[PDB]
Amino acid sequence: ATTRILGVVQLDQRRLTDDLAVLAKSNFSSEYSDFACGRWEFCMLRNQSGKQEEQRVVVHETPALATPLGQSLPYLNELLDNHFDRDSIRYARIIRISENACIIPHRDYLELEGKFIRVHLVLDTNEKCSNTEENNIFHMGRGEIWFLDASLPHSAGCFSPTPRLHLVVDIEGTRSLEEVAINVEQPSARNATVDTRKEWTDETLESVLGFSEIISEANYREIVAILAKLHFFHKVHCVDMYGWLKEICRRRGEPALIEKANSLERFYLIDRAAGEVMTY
């Protein structure tokens, strides 16, 4: 299971515009804000109970049910009906990233008894929106249905004035990946997207490690966000931010900041429990 395009669909811009206008005014969940650097957020379209109040994810066996929000988005409802198997869906969300926001580099599923198969259908995006995986950066285009191997280190950012919205579907984890996307066109091969990021250098590295002189509890959040965003513009690994933070704090020499840095990396990449939240 490599991250890839499963298929491509035609989006109907008129009907899409209508549902996007409703989502622009919708109440988004604050759950998993511990993963957000800025305005990375989602809302529930389908979940276990069909209730708007149910906003965290667990592995379960129920064909997901449309929430009231779900029901008020009839075109997105239709897409879900037509391009996936109903009984295989466990969640469907809209995930929006607004200007200069990202989800912090992480792996998913650590707190879950099992995994999902995570699928993105891109609704509204642009050239300044990126997803990343390990050492790579790529753009998921409008109408593309992508399988995301969320068990690998990854992130996603939006660096445009305009927000980016993806329909994200969690399919029960033992399903056959080739069977997931229904009624889709096979994508043609295309030009590889070349990685336009800057080469990482000893200068850029020393500059980052220089924050050892100023890092404190008062600016920790800002520094973490800056570090998280670097791999969208420099050729470095998703996870390198955590090594940088650890070395920044080792040089600073304050025990509290070193412990936090260890916990940060651990929570996002190594180990966390069900319902556990990372406040930093």
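Residue numbers run from 1 along the displayed sequence.
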| query | Out of 255 to 263 and 18 to 26, which one has CA B-factors that are higher on average in the deposited record? | reply | 255 to 263
| said: Using only C-alpha atoms and the B-factors in the entry, which stretch averages higher, 235 to 243 or 30 to 38? | reply: 235 to 243
| task | Just grab whichever of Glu99, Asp87, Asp170, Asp124 has the top CA B-factor as deposited. | result | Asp87
| remark: Per the deposited B-factor column, the C-alpha that peaks among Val119, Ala156, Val184, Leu165 belongs to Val184
| task | Looking at the entry's B-factor column for C-alpha atoms only, identify whether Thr174 ranks in the lowest, middle or highest third of its chain. | result | highest
| note | Temperature factor at the Cα of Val194, chain-ranked in thirds, falls in the highest
| Third assignment of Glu222 from its chain's C-alpha B-factors | lowest
| note | Chain thirds by Cα B factor, record data; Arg250 belongs to the highest
| Record-listed C-alpha B factor of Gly143: chain third | middle
